[PDB]
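K.L.:
Give me the fold of what follows.
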Amino acid sequence: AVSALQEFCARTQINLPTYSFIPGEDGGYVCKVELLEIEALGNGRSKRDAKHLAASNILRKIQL
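P.N.:
Numbers count the residues shown, from 1 in each chain. Okay, here it is:
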C-alpha cells in the first residue's frame, strides 16, 4: 500500500506521506499517516502491517 501511495504522490506531484507508530492496546501496533492534512490510522500486529493499512486508508481519502 505504501508504494501505491508514494507513487500516487509522485504522479500528482505532492509531498510524500509521513508515518508514526504507537503500541497497540492488544500488544500490536497502530500507525498514523499524514498527507495533505489528511489523517488515517492502520491496525496490525507489526509496524509493517499497520504502515500499509494506514497508507491504504489515506490513499483512498485523497485519491477517490
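K.L.:
Please name the residues that touch the nearest residue to residue 61 once chain neighbours are set aside.
P.N.:
Among residues not flanking residue 61 along the chain, residue 38 sits closest, at 5.1 Å (C-beta to C-beta, 6 or more residues apart in numbering). To be clear about C-beta, it is placed using only N, CA and C from the backbone, and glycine gets the same treatment. Counting by C-beta atoms under 8 Å, 6 or more residues apart in numbering, residue 38 touches 58, 61, 62.
K.L.:
The second one: how many residues sit nearby?
P.N.:
Other residues near residue 61 number 13, with proximity taken as other C-beta atoms under 10 Å.
K.L.:
In the chain, what residue spans correspond to helices?
P.N.:
Ranges of helices in the chain, per DSSP state H, are 2-11, 47-63.
K.L.:
Quick check: which helices or strands does the last one pack against?
P.N.:
For helix 47-63, the packing partners by 3 or more C-beta pairs under 8 Å, 6 or more residues apart in numbering; DSSP states H and E come out as helix 2-11, strand 18-23, strand 29-35, strand 38-44.
K.L.:
so which of those gets nearest residue 52?
P.N.:
Nearest of those to residue 52, taken as C-beta to C-beta: helix 2-11 at 5.6 Å.
K.L.:
which outside residues touch that closest one?
P.N.:
With contact meaning C-beta under 8 Å, 6+ apart, helix 2-11 is reached by 15-17, 33, 35, 51-52, 55-56, 58-59, 62-63.
K.L.:
one more time with 6 Å, if that's ok
P.N.:
If you take C-beta atoms under 6 Å, 6 or more residues apart in numbering as the criterion, helix 2-11 is touched by 16, 17, 51, 52, 55, 59, 63.
K.L.:
How about the last one, nearest residue that isn't a chain neighbour?
P.N.:
What it means is residue 63. Of all residues not flanking residue 63 in the chain, residue 8 sits nearest, at 5.9 Å (C-beta to C-beta, 6+ apart).
K.L.:
For the contacts of helix 2-11, name the two members farthest from one another.
P.N.:
51 and 63 (17.5 Å).
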